[PDB]
Amino acid sequence: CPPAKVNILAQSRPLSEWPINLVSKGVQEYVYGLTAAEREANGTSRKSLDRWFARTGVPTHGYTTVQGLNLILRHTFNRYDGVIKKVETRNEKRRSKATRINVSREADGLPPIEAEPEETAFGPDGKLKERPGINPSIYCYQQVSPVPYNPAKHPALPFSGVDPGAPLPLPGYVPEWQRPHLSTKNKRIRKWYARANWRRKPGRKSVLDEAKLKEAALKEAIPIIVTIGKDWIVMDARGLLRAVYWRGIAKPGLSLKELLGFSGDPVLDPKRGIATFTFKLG
DNA sequence: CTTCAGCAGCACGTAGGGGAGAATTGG
RNA sequence: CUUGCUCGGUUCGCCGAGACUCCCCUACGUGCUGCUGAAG
DNA sequence: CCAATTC
């Protein structure tokens, strides 16, 4: 299941202010640090995750979605136990080392020697020692998936979305002295607005018109709008188009129905202004 | 003006926890 | 092969050669900064 | 349709 990247183009308000991000971070800040006998009492239903949000003092910000709540609760409590799992596995290896030295101990016939003490992940106050930090990932789920852009349905915005089904489209003077060795083989076709062509390096003298490349990248945008609640993330499927193009899956035959068909559960990373997409099973 | 000594890191490997859906279905 | 990353050519118009299992977290290191205690 | 259920 190889990954792919999409650069977020448009959004209403920053990802970190989304109810999904807020509720995730709250759940993690509450769970993270809890005595081993507290996580038992506080450790898939509308009813279950409507008393869990009352027994625990984790407020919900207007986000009651089973597909949107269970995820956080599945990851958090698996991390809290992988932290204990690191200590437990190291202790298991320590006990294996004790067994290894004991084997030779019976062969020598001497009484067993003293063994080093073990460790835990909790200190004396009952709280966790290696407290895991807050993952900022805003995971997306089935009912809120990458949909193409249709200006009739989605909110007005300067963009231009192609029809669900149509084979997607397949300055730049290439001057005469540039044509004795133009690449006859198959490779990428960048464009005039590509930023690899305008980066500031000493052998270059026309560097980085600030808005021109950005505008000509946005003109030909393939937008996809994941909409969670009243918030929307308008994406750029070109990064997804490249991945299927260079990985030998579709050769100039796809639309914004088959492209997205190649997982509708993206992982959004708010800090980088990026989106991550998975593939199918093969 | 030197060895070492123990914490931290702008920086780097490691090193090991975790994560990366889609099929009914009711109302 | 439309975004995006790395590195090169230039007449400054884009051209060429590539990477593409990624994100978070805990800790620790080696070179350099910082606080100290030994020896003339 | 679309937010809830399985596994």
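Numbers and lists here come from the model and the stated rules, or from a named source; none is laboratory data. Virtual Cβ from ideal backbone geometry, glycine too; neighbours counted across all protein chains shown.
Inside segment A:230-270, residues that are within 11 Å of RNA strand C (Cβ to nearest atom) and either buried (at least 18 other Cβ atoms within 10 Å of the Cβ) or part of a helix (DSSP H, G or I) (or both) make up a count of 17. Taking the conditions exactly as written (of a type in the set (A, V, I, L, M, F, W, C), touching a strand residue (DSSP E or B) at 6+ places or on another chain (Cβ under 7 Å) and within 13 Å of RNA strand C (Cβ to nearest atom)), does A:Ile134 satisfy them or not? No; evaluated as a whole, the condition is false for this residue. When residues in segment A:210-224 are screened for being in a loop (DSSP other than H, G, I, E, B) and touching a helix residue (DSSP H, G or I) at 6+ places or on another chain (Cβ under 9 Å), 3 of them pass. Can you find a residue that is farther than 30 Å from A:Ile224 by Cα and either polar (S, T, N, Q) or assigned by TED's automatic domain parsing to the domain that holds A:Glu38 (or both) anywhere in segment A:60-74? No, segment A:60-74 has no match at all. Residues being more than 8 Å from DNA strand B (Cβ to nearest atom), part of a helix (DSSP H, G or I) and buried (at least 16 other Cβ atoms within 10 Å of the Cβ): count how many of those fall in segment A:65-76. Going through segment A:65-76 one residue at a time, the tally reaches 5. For beta carbons closer than 6 Å, sequence separation of 6+ or different chains, a first residue in segment A:97-126 that is assigned by TED's automatic domain parsing to the domain that holds A:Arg79 and a second that is of a type in the set (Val, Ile, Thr) and part of a loop (DSSP other than H, G, I, E, B), the qualifying pairs are A:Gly126/A:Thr35.
In segment A:41-48, the condition of being in a helix (DSSP H, G or I), over 18 Å from A:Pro136 (Cα atoms) and within 16 Å of DNA strand D (Cβ to nearest atom) is met by at least one residue. Please verify whether segment A:210-226 includes one or more residues that are within 16 Å of DNA strand D (Cβ to nearest atom) and either surrounded by 15 or more Cβ atoms within 10 Å (Cβ to Cβ) or on the phi > 0 side of the Ramachandran plot (or both). Yes: one or more hits.
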